[PDB]
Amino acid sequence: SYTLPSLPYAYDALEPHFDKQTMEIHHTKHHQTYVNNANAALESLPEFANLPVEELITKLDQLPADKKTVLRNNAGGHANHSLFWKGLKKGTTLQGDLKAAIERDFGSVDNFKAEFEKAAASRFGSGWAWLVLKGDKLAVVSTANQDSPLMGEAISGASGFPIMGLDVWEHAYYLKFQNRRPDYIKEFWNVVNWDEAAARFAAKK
């Protein structure tokens, strides 16, 4: 069974950038719901129920037909949120190999941010903006709803191993920012955990 991970910090640890009220709801209601609903669909499926979540979402086509969508959405959401929480932290600095790569693939940190802000702002409806690693090259993609690049192109419209990501469902920003997603996206640069991003980039997969 999956369990909701404890946050690696207090709900107010990303203030004054991300609001504690939302962090609390986002985690204890939305993410909890994805865990609960994924577990419910997995009750009958011991062979799958026993897989890691990042593993499960890479094999949605091996699921019975009547379970593919429920687990795409809920195991998707669990995998994305698990990554999200760990990919946020104040006080980090983009640096080292990661930064070199970003400059190699985007020209400058500012160009990269710009492409990230674009993809994050242009995702219409619910979804996520990602910095992925594909074939040694850093790219910016986005996905719909709780889809992940780990699901593959056929399913999610994108691929690649996620280095870091931004949730752009309105539940992630509506209380503080309402319609002003671009403000939220700019705020993200303050709380994005470059240390975890660097480590994920170091592991390389």
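Residue numbers run from 1 along the displayed sequence.
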{"property": "Entry-level comparison of average CA B-factors, 171-179 and 146-154, reporting the higher stretch", "result": "146-154"}
{"property": "Entry-level comparison of average CA B-factors, 41-49 and 25-33, reporting the higher stretch", "result": "41-49"}
{"property": "Per the PDB entry, maximal CA B factor within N73, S82, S108, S126", "result": "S108"}
{"property": "Selection from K118, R104, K89, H78 [criterion: highest C-alpha temperature factor in the record]", "result": "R104"}
{"property": "Record-listed C-alpha B factor of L166: chain third", "result": "lowest"}
